[PDB]
Structure formats: C-alpha cells, structure tokens
Amino acid sequence: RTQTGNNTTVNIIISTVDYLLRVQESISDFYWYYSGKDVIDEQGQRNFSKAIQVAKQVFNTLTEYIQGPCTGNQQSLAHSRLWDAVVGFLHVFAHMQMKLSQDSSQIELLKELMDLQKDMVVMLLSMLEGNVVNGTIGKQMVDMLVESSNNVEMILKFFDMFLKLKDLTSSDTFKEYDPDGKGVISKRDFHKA
Amino acid sequence: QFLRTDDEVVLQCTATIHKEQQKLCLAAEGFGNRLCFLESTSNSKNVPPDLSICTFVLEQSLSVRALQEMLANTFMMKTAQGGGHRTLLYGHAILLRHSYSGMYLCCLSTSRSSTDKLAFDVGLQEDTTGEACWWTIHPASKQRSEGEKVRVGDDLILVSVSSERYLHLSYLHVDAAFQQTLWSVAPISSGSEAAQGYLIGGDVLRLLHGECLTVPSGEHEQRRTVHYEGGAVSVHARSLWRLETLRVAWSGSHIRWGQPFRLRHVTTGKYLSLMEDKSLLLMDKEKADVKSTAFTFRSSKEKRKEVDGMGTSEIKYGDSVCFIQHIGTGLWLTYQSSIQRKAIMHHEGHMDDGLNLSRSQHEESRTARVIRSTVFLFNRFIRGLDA
Amino acid sequence: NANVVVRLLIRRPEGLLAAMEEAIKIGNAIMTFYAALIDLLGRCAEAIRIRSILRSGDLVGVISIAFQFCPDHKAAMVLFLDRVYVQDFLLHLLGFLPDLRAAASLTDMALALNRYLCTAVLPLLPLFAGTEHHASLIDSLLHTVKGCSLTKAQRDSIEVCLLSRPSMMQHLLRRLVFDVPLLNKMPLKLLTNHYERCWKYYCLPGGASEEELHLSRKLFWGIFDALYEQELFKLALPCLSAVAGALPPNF
C-alpha cells in the first residue's frame with residue numbers, strides 16, 4: 001500500500017485496479033463487436049478465452065490483496081474506482097449468457113465466463129465483510145449494486161431457469177413420461193409437460 | 001458532484017477577446033433560427049443574459065459500439081438503453097436538447113458563415129434520427145483519463161459523430177472545424193431537479209396577490225407601468241414572471257431566502273427596474289444593474305449567500321408568502337390607489353403585501369418566449385418596410 | 001489505414017485550392033506536392049460517414065486542370081474525381097479536347113499521350129458536344145491508327161460508341177466510313193468492325209447518309225475482293241452488310 005521506508009510512495013493496488021478497468025473496457029469492446037453477428041468465431045473464441053484467463057488471474061490477485069481483512073487495503077480499494085468495472089462486467093455477464101446458452105459450441109467459453117463470474121463474486125464476497133453494522137463500504141456496496149440493477153434481472157432469470165430446470169426435471173410428469181424411463185423425450189412433449 | 005441523465009447544464013467558452021476573459025455562453029435560439037450563437041456573461045451585473053435560451057439537457061449517454069448498434073437498428077431506443085441515469089464517462093456519445101424548444105444539437109451540411117472551407121456549421125434539428133445529434137466527449141487534459149467520470153467543471157472537447165468535426169469557436173461564431181475549443185459545463189439544474197411544488201431558480205411563473213401584478217395591455221409607453229389587476233389575467237399572457245439569481249452555475253437550483261432576484265418580466269422581455277428615485281418601473285436588458293433591480297425575499301416584513309447544489313426545498317407554492325426587499329433600497333412592494341391599482345416599492349408596506357405564488361406550465365412558456373420572438377422579428381419587418 | 005490517415009489529415013491538413021492554381025508561371029515541387037496530396041486522398045473508396053468528409057467541393061481544381069509539368073496533375077484529379085464521384089454532367093468536362101488536339105503533333109507530350117489512355121477508360125461509366133467528342137476520339141484513334149495501351153484505348157472507344165444519341169453516332173459514323181474505306185490501318189479496321197456492331201445495334205431501331213453506308217458496304221465488299229486482322233474485320237464486315245440491310249429496312 002505505501003512503502004513507509006522509501007521516499008516516494010507507490011500504491012500498486014490502485015495501478016492494477018486501473019489495469020482491470022482497462023481490461024474490462026476492452027472486454028466490453030469485444031462484446032460490442034460480437035454483439036451483432038452472434039455466431040462466435042473460433043479465433044474470437046480462442047482469443048477471448050485467454051482474455052478470460054487474464055481476468056481470472058487478476059481477480060485472484062484482488063482476492064489475495066484483501067483476503068487478509070486488513071482494513072487499510074479495504075479503505076483504499078473500497079474508495080477506489082473499480083466499481084465502474086464491476087457494473088460493466090455484470091453487463092458483460094448478462095448479455096453474454098444469452099447467446100452463450102443458445103449456441104452449442106460456445107459451452108466452453110460459457111464455462112470460461114461462468115468461471116469468471118465465480119471468481120468475480122469470490123472477490124466481491126472477500127471484500128464484502130468488514131462491517132461493524134453498516135459501514136460506508138456497505139452503503140457503497142448496496143448503492144452500486146442497485147445502480148447495476150437492470151442486468152440483475154437477466155442473471156437471476158438465468159440462474160432460476162437453469163436451477164428449477166434441474167429441480168423440475170425429476171418431477172411428477174417427466175421421469176415416467178419417457179417410455180424407456182431414460183430421457184428420450186420428444187422436445188415438443190417436453191415443452192408441453 | 002458529477003453528471004448523469006437529465007443534469008441540465010450550459011456550454012460556455014471563456015474567449016480571450018482583446019486579452020479579456022469574455023465568458024460567452026452558447027445561445028440556442030430555436031423557433032425562428034435553426035442556428036446557434038453566443039451570449040456573453042462578462043457584464044452579468046449590468047447586462048444580465050438570459051439562461052433559458054442557453055441550456056441543454058443530458059438526454060442520453062452511450063458508448064460508441066452501443067451507438068453503432070442503435071444505428072444498426074435502421075423507436076423504444078432499446079428500453080433506455082443504458083441506465084438508470086447513466087453517470088457520464090468520457091468517450092461516451094451523448095444527445096443534447098435545448099430544453100425550451102425540444103430541438104437537438106446537430107451538425108449542419110450548410111456553409112452559413114465564413115467558410116473557410118469544408119468545415120461545417122452548427123444546427124438545431126427536430127429529431128435525433130441519423131448520426132447528426134451525437135456527441136463524443138473527450139477530456140481536454142492528458143492528466144485526466146477517458147473512461148473515468150466526467151467531473152463538475154471540465155473544459156473538454158466535443159466532436160460530432162456524423163461529420164466527426166471539432167466543435168470550434170469561430171469569428172464570433174461556432175462551427176464544426178478541425179480545431180479544438182474548450183467548453184465548460186456548469187451544473188445549472190440537476191438532478192433530479194428536485195421535486196414538484198417547489199420554487200426552482202430560473203422559472204417562469206405568475207405573481208399573485210391573494211389578483212395579480214399586471215402590465216398594461218397592447219398598444220401602450222412601451223408598457224413601462226406596473227399595476228395590480230384581478231380576474232383571469234393569470235390566463236392572460238402578460239402576467240408572467242421569470243426569476244434569475246446572480247448565480248450562473250446552480251441557477252436552476254431551489255429558491256431560498258434573501259438571495260438575489262433579477263426579475264426579468266416575460267412577455268416584455270424587460271426587467272422590473274426599480275428606479276426608487278421615482279417608483280417601481282420597467283426597463284430593458286442593457287439597463288439592468290444589480291442595485292437597479294435585483295431583489296431579495298424575506299419570509300416576514302421585518303428583516304443566506306451561497307450553496308453549490310440544489311439547496312433545500314425552501315419555498316412551496318400554496319401555503320407560501322414571500323415579501324419583496326430590494327438590495328440597495330430595502331423597499332417593500334405595496335400598492336397605491338378599472339383595476340389599474342398602481343403597485344409601488346415602499347419602505348414599510350401595508351398588511352396588503354401577502355403575495356401568494358403560483359408556477360406556470362411548459363406550454364405556457366413555450367408560447368411565451370415565442371410571443372416576443374415573433375414581436376422582435378416583426379418589429380424588424382415593420383421598420384424595414386417603413387424604410 | 002484509409003480511415004486512420006484521413007482522420008489524422010482532418011486533424012492537420014496544413015484558400016489553398018484557388019491560390020494553388022497560380023504558380024504555373026513561376027518551384028514546381030509545390031504544384032506536384034498538392035498533386036501528390038490529391039492523389040493520396042483519392043486512394044480511398046460507416047466508411048460512407050467519412051466519405052462525406054472526402055466529399056466535404058474540388059471541381060475548381062478539376063476544371064482548372066481539365067485543360068491546362070502537366071500530366072501528373074490532371075491524372076491525380078481524374079483519380080480523385082473518379083473514386084469520390086449524371087452522364088451529361090460527367091461529359092460536361094469536355095478534358096480530352098486539348099489531348100486529342102495535340103495528339104498528332106509528331107516527349108512530355110509523349111508521356112501524356114500514353115498516360116491519359118487509361119484516364120479515358122474512366123468515362124466508360126444527345127446534343128452536339130457528344131458528336132464532337134466522338135470526332136476527337138476518332139482523331140486520337142487516328143493518331144493511334146503505347147500501341148498495347150492504344151488497344152485499351154480502342155476498347156474504351158468501342159465501348160463509348162456502344163454506350164449510345166444515335167444521330168451523333170451516325171455523324172461520327174460518317175467520319176468512320178470516310179476514314180476506314182481508305183485504310184481497308186488495322187486499328188481503324190477493328191474500329192470499323194466495332195462500328196459495324198454499333199450499326200447492327202441501331203439497325204432495327206433505325207429501320208441521306210444511308211446511301212453513303214450502302215456505298216461503304218459495297219466498297220468494303222470490293223476491298224474484300226483483294227483476297228489476319230483483315231480476316232476478322234471482313235468477318236465483322238458481314239455484320240456491316242447485314243446492318244446495311246437492317247438499318248435501311250491526317251486530313
């Protein structure tokens with residue numbers, strides 16, 4: 001955070017916050033490029049997965065930056081400018097998930113971005129603890145999550161419709177509805193039940 | 001602290017005309033002029049400029065790729081697209097709207113200047129369709145970044161998206177050249193702004209007795225007398241009053257007590273010029289000094305300075321009574337005595353100063369400034385054909 | 001690269017056009033410099049949104065170099081006007097009048113003459129000036145009657161003749177008949193083989209000078225009694241005789 005002993009201070013955490021911000025902005029740019037064509041090409045796959053690995057590594061740093069709950073680092077990064085990139089990644093998540101789900105071959109990159117979401121909320125949960133009761137950090141958490149709150153609809157629809165997917169596909173009129181008891185169910189009859 | 005949707009601001013230059021900071025702001029005319037022009041605020045003490053023909057509303061804020069996606073859909077604007085209120089970052093593309101007209105800022109294809117070739121001019125079209133009404137924002141400071149928040153008070157650069165030209169300060173004109181020009185953004189009225197039934201600076205409104213404060217009708221003097229009148233003169237046009245403070249920034253804040261009040265009468269365009277040597281009178285724009293006409297309001301008859309925000313919702317409309325104190329004289333508006341009841345600025349006033357205050361509506365002002373726009377056009381017409 | 005360069009040049013170009021047309025008397029490097037500028041800017045075809053900025057009133061330079069050291073400048077202007085930007089406004093510029101004038105004047109001229117052959121391929125995309133243009137084209141083809149580039153010139157000439165009105169085309173066909181019957185040299189032979197196809201196109205719609213056309217057909221049959229390129233010209237001369245049938249149905 002500071003290097004007390006040296007003359008000129010260097011706050012290396014704010015620099016890599018800015019680096020994540022630039023990474024996020026260019027990931028958003030990649031999204032706007034593929035936002036129209038929507039059949040994602042293998043070169044864009046192979047490039048963008050590597051970019052997701054980059055983002056995963058830097059979120060792993062940001063976890064282990066504040067994984068020890070040292071409060072000066074909390075006060076620094078909570079004040080810091082990363083919160084735009086939070087909202088931007090959430091936008092990226094919600095708007096990628098749709099076409100990643102709708103396409104067969106894109107499940108690998110869906111696994112990648114899924115994993116990035118996992119590390120995203122790991123980092124958020126890590127920095128989301130140091131609260132007496134409310135905290136100005138807690139204020140800012142809730143406020144910018146509410147500022148995010150359009151795409152949250154999409155990710156919760158995504159989660160519940162892949163969740164009670166798994167729940168209802170053992171229910172009353174599925175498991176016997178196939179003749180084999182195996183899942184050779186016709187998809188229109190699947191829609192119907 | 002920053003800028004979002006509906007944060008209505010101004011765009012003002014500080015030209016160095018003869019090595020003096022000519023703080024001229026951009027005047028959007030409309031309703032008789034598709035162009036734009038400038039408006040000085042240097043002699044704001046004595047030649048008070050208008051605010052209402054100068055402001056713009058931050059309508060929308062999107063990235064380049066999102067805008068080109070909107071262009072790819074050749075309404076509903078993708079349901080916002082964006083926020084929320086979409087807090088401004090540099091490199092966003094924006095829509096601006098002259099709030100009085102309903103026009104939108106566009107680049108021209110014409111050559112209505114010098115010209116000084118292929119570098120276009122400034123227009124105010126109707127509809128945001130096409131590319132002409134979109135504006136990239138760039139920091140005019142390498143110290144500050146693109147992608148971070150647009151601060152209060154940033155001299156920056158605005159470039160088109162259709163013509164992709166630098167919005168330049170010509171000579172005194174404004175054009176889409178290839179050369180840059182700083183542009184100041186001051187939070188006038190923002191945001192949101194603020195709640196209804198509240199006295200907001202920079203607002204056209206009436207002036208009720210409890211009966212109004214009237215001007216003489218058509219064919220009068222140049223209408224310079226000031227009287228009371230009862231009845232439906234509220235519904236009549238000439239009972240309208242626009243407030244101005246001495247504040248340029250945060251001029252569209254709330255109206256709190258004891259602050260300056262530059263009473264521009266609407267339908268004349270004139271000012272409520274207290275010449276307390278004689279009485280409460282009416283004079284033009286170039287007359288209007290501070291100590292000539294700027295007033296302060298007290299809650300009582302007996303008798304702050306500055307906040308850099310909206311301020312408190314100080315005075316309502318219904319259960320609210322103000323009392324008019326001039327700064328330089330301390331007078332108080334009472335009357336004297338076919339209701340042509342002459343109102344005077346007096347050291348004491350009666351109990352008959354219990355003014356009630358009512359606002360106006362949008363279409364009322366949309367008629368009102370159009371009225372004298374028409375008048376000052378056809379006075380030129382009359383004088384030219386009399387010549 | 002077009003987009004990047006054009007944006008950086010709108011940033012600093014550094015009136016230039018009007019006073020650029022001055023120093024022909026006077027130093028040639030600035031003239032060729034602005035020629036290089038317009039040649040560079042002519043190398044670019046959304047992109048339409050900056051094609052507007054390409055489009056952002058150079059016809060002063062176009063007309064000023066359309067007829068007036070020289071041959072690089074008008075070629076650069078031709079490239080610019082062709083790439084950035086009907087047919088009668090296009091033929092308003094009649095540029096090639098001085099070229100077809102000084103064509104037969106037998107080395108900067110020798111540069112410009114085989115230079116502006118490929119220029120004349122770019123206008124391949126009913127009054128008297130069209131007839132004078134066809135006459136000047138026949139005169140420059142007579143200056144061609146280099147040679148491999150003159151083959152492209154003759155293909156452009158045949159295409160411009162087949163573009164059309166037909167009365168001005170017949171006024172030019174008067175000159176074609178009065179010239180080609182003498183050489184029946186190989187360039188005029190292929191030119192008459194093309195004019196036979198033009199008369200075959202205008203035969204059924206066009207059915208004084210028809211008697212001259214019949215006399216030219218009989219003269220071509222008589223010159224065909226003298227027996228290559230003349231073999232193909234005589235093969236198309238059957239189309240000339242059929243066009244005489246269906247149409248009537250160096251100086």
# chains A, B, ... in the order shown; residues from 1 in each chain; ligands from 1
call {"tool": "interface_residues", "arguments": {"of": "chain C", "to": "chain B", "cutoff": "7 Å", "atoms": "only C-alpha atoms", "output": "short mmCIF file (atom, residue, chain, number, x, y, z; two decimals) with N, CA and C atoms, in the first residue's frame"}}
result
data_model
loop_
_atom_site.label_atom_id
_atom_site.label_comp_id
_atom_site.auth_asym_id
_atom_site.auth_seq_id
_atom_site.Cartn_x
_atom_site.Cartn_y
_atom_site.Cartn_z
N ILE C 10 -7.58 15.32 -41.35
CA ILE C 10 -8.55 16.31 -40.90
C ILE C 10 -8.06 16.97 -39.62
N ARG C 11 -7.21 16.27 -38.86
CA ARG C 11 -6.60 16.90 -37.70
C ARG C 11 -5.65 18.03 -38.09
N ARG C 49 -19.72 7.47 -43.90
CA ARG C 49 -19.77 8.59 -42.96
C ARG C 49 -18.52 9.44 -43.03
N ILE C 53 -16.69 13.22 -45.62
CA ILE C 53 -15.61 14.15 -45.34
C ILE C 53 -14.64 14.19 -46.51
N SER C 56 -16.48 16.49 -48.42
CA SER C 56 -16.51 17.83 -47.86
C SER C 56 -15.52 18.75 -48.56
#
call {"tool": "residues_around", "arguments": {"residues": "residue 89 of chain A", "least_positions_apart": "2", "cutoff": "9 Å", "atoms": "only C-alpha atoms", "output": "compact mmCIF listing (two decimals) with N, CA and C atoms, in the first residue's frame"}}
result
# COMPACT_ATOMS: atom_id res chain seq x y z
N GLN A 24 -11.42 -4.58 -18.57
CA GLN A 24 -12.87 -4.65 -18.62
C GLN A 24 -13.43 -3.85 -19.78
N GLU A 25 -12.90 -2.64 -19.99
CA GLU A 25 -13.39 -1.81 -21.08
C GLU A 25 -13.15 -2.47 -22.42
N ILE A 27 -12.88 -5.72 -22.89
CA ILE A 27 -13.79 -6.86 -22.97
C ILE A 27 -15.17 -6.41 -23.39
N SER A 28 -15.61 -5.26 -22.88
CA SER A 28 -16.86 -4.66 -23.33
C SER A 28 -16.81 -4.32 -24.81
N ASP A 84 -16.97 0.97 -11.36
CA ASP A 84 -17.49 1.02 -12.72
C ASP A 84 -17.29 -0.31 -13.42
N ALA A 85 -16.11 -0.91 -13.23
CA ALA A 85 -15.80 -2.17 -13.90
C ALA A 85 -16.64 -3.30 -13.36
N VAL A 86 -17.04 -3.21 -12.10
CA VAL A 86 -17.99 -4.13 -11.50
C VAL A 86 -19.27 -4.16 -12.32
N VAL A 87 -19.88 -2.99 -12.50
CA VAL A 87 -21.13 -2.86 -13.24
C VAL A 87 -20.94 -3.28 -14.68
N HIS A 91 -22.85 -6.30 -16.72
CA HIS A 91 -23.45 -6.12 -18.03
C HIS A 91 -22.95 -7.17 -19.01
N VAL A 92 -21.63 -7.36 -19.03
CA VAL A 92 -21.00 -8.34 -19.92
C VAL A 92 -21.51 -9.73 -19.63
N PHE A 93 -21.67 -10.05 -18.35
CA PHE A 93 -22.16 -11.36 -17.92
C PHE A 93 -23.56 -11.60 -18.45
N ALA A 94 -24.47 -10.67 -18.17
CA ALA A 94 -25.87 -10.85 -18.52
C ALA A 94 -26.06 -10.90 -20.03
N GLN A 117 -17.34 -15.27 -13.56
CA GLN A 117 -18.39 -14.83 -12.65
C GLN A 117 -18.17 -15.38 -11.26
N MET A 120 -15.38 -13.48 -9.77
CA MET A 120 -15.92 -12.15 -9.53
C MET A 120 -16.64 -12.07 -8.19
call {"tool": "residues_around", "arguments": {"residues": "segment 196-204 of chain C", "least_positions_apart": "3", "cutoff": "8 Å", "atoms": "only C-alpha atoms", "output": "PyMOL selection string"}}
result
chain C and resi 161-162+166+192-193+207+236-237+239-240+242-244+246-249
call {"tool": "closest_atom_pairs", "arguments": {"of": "chain B", "to": "chain A", "cutoff": "9 Å", "atoms": "only C-alpha atoms", "output": "tab-separated table"}}
result
residue	atom	partner	partner_atom	distance
B:64	CA	A:32	CA	8.9
B:65	CA	A:32	CA	5.4
B:66	CA	A:32	CA	6.7
B:69	CA	A:36	CA	7.6
B:72	CA	A:36	CA	8.6
B:83	CA	A:150	CA	7.7
B:84	CA	A:147	CA	7.1
B:85	CA	A:147	CA	8.7
B:86	CA	A:147	CA	9.0
B:147	CA	A:25	CA	8.2
B:148	CA	A:81	CA	8.3
call {"tool": "atom_distance", "arguments": {"atom1": "atom CA of residue 16 of chain A", "atom2": "atom CA of residue 158 of chain B"}}
result
30.0 Å
call {"tool": "residues_around", "arguments": {"residues": "segment 211-213 of chain C", "least_positions_apart": "5", "cutoff": "9 Å", "atoms": "only C-alpha atoms", "output": "ChimeraX atom specification"}}
result
/C:173-174,177,218,244
call {"tool": "residues_around", "arguments": {"residues": "residue 100 of chain A", "least_positions_apart": "5", "cutoff": "8 Å", "atoms": "only C-alpha atoms", "output": "PyMOL selection string"}}
result
chain A and resi 106-107+109-110
call {"tool": "residues_around", "arguments": {"residues": "segment 100-108 of chain C", "least_positions_apart": "3", "cutoff": "7 Å", "atoms": "only C-alpha atoms", "output": "ChimeraX atom specification"}}
result
/C:96-97,111-113,136-137,139-140,143
call {"tool": "atom_distance", "arguments": {"atom1": "atom CA of residue 226 of chain C", "atom2": "atom CA of residue 148 of chain C"}}
result
28.1 Å
call {"tool": "residues_around", "arguments": {"residues": "residue 118 of chain A", "least_positions_apart": "2", "cutoff": "12 Å", "atoms": "only C-alpha atoms", "output": "list in words"}}
result
residues 52, 55, 56, 59, 60, 90, 93, 110, 111, 112, 113, 114, 115, 116, 120, 121, 122, 123, 124 and 125 of chain A
call {"tool": "write_last_selection", "arguments": {"atoms": "N, CA and C atoms", "output": "PDB file, in the first residue's frame"}}
result
ATOM      1  N   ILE A  52     -10.254 -14.137 -20.762  1.00  0.00           N
ATOM      2  CA  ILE A  52     -10.965 -14.520 -19.548  1.00  0.00           C
ATOM      3  C   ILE A  52      -9.995 -15.077 -18.517  1.00  0.00           C
ATOM      4  N   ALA A  55      -8.405 -12.101 -16.874  1.00  0.00           N
ATOM      5  CA  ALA A  55      -9.309 -11.505 -15.902  1.00  0.00           C
ATOM      6  C   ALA A  55      -9.435 -12.360 -14.651  1.00  0.00           C
ATOM      7  N   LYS A  56      -9.402 -13.681 -14.814  1.00  0.00           N
ATOM      8  CA  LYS A  56      -9.460 -14.574 -13.669  1.00  0.00           C
ATOM      9  C   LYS A  56      -8.239 -14.407 -12.785  1.00  0.00           C
ATOM     10  N   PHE A  59      -8.461 -11.097 -10.881  1.00  0.00           N
ATOM     11  CA  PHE A  59      -9.376 -11.201  -9.754  1.00  0.00           C
ATOM     12  C   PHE A  59      -8.807 -12.048  -8.635  1.00  0.00           C
ATOM     13  N   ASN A  60      -7.983 -13.035  -8.963  1.00  0.00           N
ATOM     14  CA  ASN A  60      -7.348 -13.823  -7.919  1.00  0.00           C
ATOM     15  C   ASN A  60      -6.373 -12.982  -7.114  1.00  0.00           C
ATOM     16  N   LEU A  90     -20.777  -6.998 -14.980  1.00  0.00           N
ATOM     17  CA  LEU A  90     -22.104  -7.570 -14.791  1.00  0.00           C
ATOM     18  C   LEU A  90     -22.944  -7.448 -16.052  1.00  0.00           C
ATOM     19  N   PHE A  93     -21.666 -10.055 -18.346  1.00  0.00           N
ATOM     20  CA  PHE A  93     -22.164 -11.355 -17.923  1.00  0.00           C
ATOM     21  C   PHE A  93     -23.563 -11.604 -18.451  1.00  0.00           C
ATOM     22  N   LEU A 110     -18.628 -20.449 -22.367  1.00  0.00           N
ATOM     23  CA  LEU A 110     -19.590 -20.263 -21.293  1.00  0.00           C
ATOM     24  C   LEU A 110     -19.021 -20.753 -19.975  1.00  0.00           C
ATOM     25  N   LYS A 111     -18.295 -21.870 -20.005  1.00  0.00           N
ATOM     26  CA  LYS A 111     -17.606 -22.353 -18.819  1.00  0.00           C
ATOM     27  C   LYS A 111     -16.563 -21.355 -18.359  1.00  0.00           C
ATOM     28  N   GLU A 112     -15.881 -20.734 -19.318  1.00  0.00           N
ATOM     29  CA  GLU A 112     -14.889 -19.710 -19.008  1.00  0.00           C
ATOM     30  C   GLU A 112     -15.525 -18.510 -18.314  1.00  0.00           C
ATOM     31  N   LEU A 113     -16.576 -17.953 -18.915  1.00  0.00           N
ATOM     32  CA  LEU A 113     -17.178 -16.740 -18.374  1.00  0.00           C
ATOM     33  C   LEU A 113     -17.945 -17.029 -17.096  1.00  0.00           C
ATOM     34  N   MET A 114     -18.566 -18.206 -17.022  1.00  0.00           N
ATOM     35  CA  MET A 114     -19.133 -18.735 -15.792  1.00  0.00           C
ATOM     36  C   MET A 114     -18.101 -18.756 -14.678  1.00  0.00           C
ATOM     37  N   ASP A 115     -16.918 -19.276 -14.984  1.00  0.00           N
ATOM     38  CA  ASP A 115     -15.841 -19.330 -14.012  1.00  0.00           C
ATOM     39  C   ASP A 115     -15.384 -17.935 -13.617  1.00  0.00           C
ATOM     40  N   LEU A 116     -15.423 -17.005 -14.564  1.00  0.00           N
ATOM     41  CA  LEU A 116     -15.043 -15.634 -14.261  1.00  0.00           C
ATOM     42  C   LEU A 116     -16.062 -14.974 -13.347  1.00  0.00           C
ATOM     43  N   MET A 120     -15.384 -13.484  -9.774  1.00  0.00           N
ATOM     44  CA  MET A 120     -15.924 -12.151  -9.529  1.00  0.00           C
ATOM     45  C   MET A 120     -16.635 -12.074  -8.194  1.00  0.00           C
ATOM     46  N   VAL A 121     -17.569 -12.991  -7.968  1.00  0.00           N
ATOM     47  CA  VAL A 121     -18.289 -12.932  -6.714  1.00  0.00           C
ATOM     48  C   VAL A 121     -17.437 -13.430  -5.564  1.00  0.00           C
ATOM     49  N   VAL A 122     -16.404 -14.238  -5.830  1.00  0.00           N
ATOM     50  CA  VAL A 122     -15.434 -14.565  -4.787  1.00  0.00           C
ATOM     51  C   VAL A 122     -14.738 -13.305  -4.306  1.00  0.00           C
ATOM     52  N   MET A 123     -14.289 -12.480  -5.249  1.00  0.00           N
ATOM     53  CA  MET A 123     -13.598 -11.248  -4.902  1.00  0.00           C
ATOM     54  C   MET A 123     -14.528 -10.284  -4.192  1.00  0.00           C
ATOM     55  N   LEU A 124     -15.777 -10.241  -4.636  1.00  0.00           N
ATOM     56  CA  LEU A 124     -16.732  -9.346  -4.020  1.00  0.00           C
ATOM     57  C   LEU A 124     -17.065  -9.801  -2.607  1.00  0.00           C
ATOM     58  N   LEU A 125     -17.270 -11.106  -2.419  1.00  0.00           N
ATOM     59  CA  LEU A 125     -17.533 -11.650  -1.094  1.00  0.00           C
ATOM     60  C   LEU A 125     -16.360 -11.453  -0.157  1.00  0.00           C
TER      61      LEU A 125
END
call {"tool": "closest_residue", "arguments": {"among": "A:141, A:128, A:163, A:66", "to": "residue 13 of chain A", "atoms": "only C-alpha atoms"}}
result
A:66
